[PDB]
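As structure tokens, one chain now follows by itself in the form solved without its partner chain.
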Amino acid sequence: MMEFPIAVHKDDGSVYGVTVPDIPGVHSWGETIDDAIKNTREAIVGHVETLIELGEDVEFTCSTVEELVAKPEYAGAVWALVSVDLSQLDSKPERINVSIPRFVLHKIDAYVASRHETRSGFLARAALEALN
């Protein structure tokens, strides 16, 4: 699960505006903060899916709120985190047959059992993670 920090600003007349520190160029908005979060999620997912559909490598780096919160350009922002999982990206994953040593599977099984994760989800995230 990836967590994108998003910076929410609001004034008296204008609506909620949102910027995405890890994706300059994305600017979203909402009549309420909940709508702004949801609209920013859609903009982030559409961005990532679009670059994939274009044939581009996409490198999944997320900043943390901790590291951005004291920066002046984010003074007075309301911080939120939008959760993006890889299932949220590809609608038609491919089922493949692979062999994994049992001592590795036992470590995967112990780990995913406490997190509502699967062998498949763990391996897909591990595959992506090793590629960076």
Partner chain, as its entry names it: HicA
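Positions refer to the first chain, counted from 1. Between two forms, the rigid core is the largest collection of C-alphas that superpose within 1.5 Å.
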Of 83-91 and 30-38, the stretch whose C-alpha atoms average the higher B-factor in the entry:
83-91
So, looking at the entry's B-factor column for Cα atoms, which has the higher mean, 118-126 or 7-15?
7-15
Reading the B-factor column for Cα atoms of 43, 62, 65, 105, the highest value belongs to 62
Highest CA temperature factor in the entry: which of 75, 78, 48, 100?
75
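Same protein, other form: the form solved in complex with its partner chain, not shown, and the subject of what follows.
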Stretch 20-42: residues contacting its partner chain in the deposited bound form, 4.5 Å heavy atom cut-off
24, 25, 26, 27, 28, 29, 31, 42
Quick one: once the rigid core is lined up, does residue 124 have its C-alpha move by 2 Å or more between the shown form and the other one?
yes
When the rigid core is used for the superposition, does residue 75 move between the shown form and the other one (threshold: C-alpha shift of 2 Å or more)?
no
Examine residue 57 after superposing the rigid core and state whether its CA is displaced by 2 Å or more between the shown form and the other one.
yes
Which way does the C-alpha gap of residue 116 and residue 80 go in the deposited bound form, closer or farther, given it changes by 3 angstroms or more?
farther
Could you tell me whether residue 116 and residue 79 have their C-alpha atoms closer or farther apart in the deposited bound form than in the shown form, knowing the shift is 3 angstroms or more?
farther
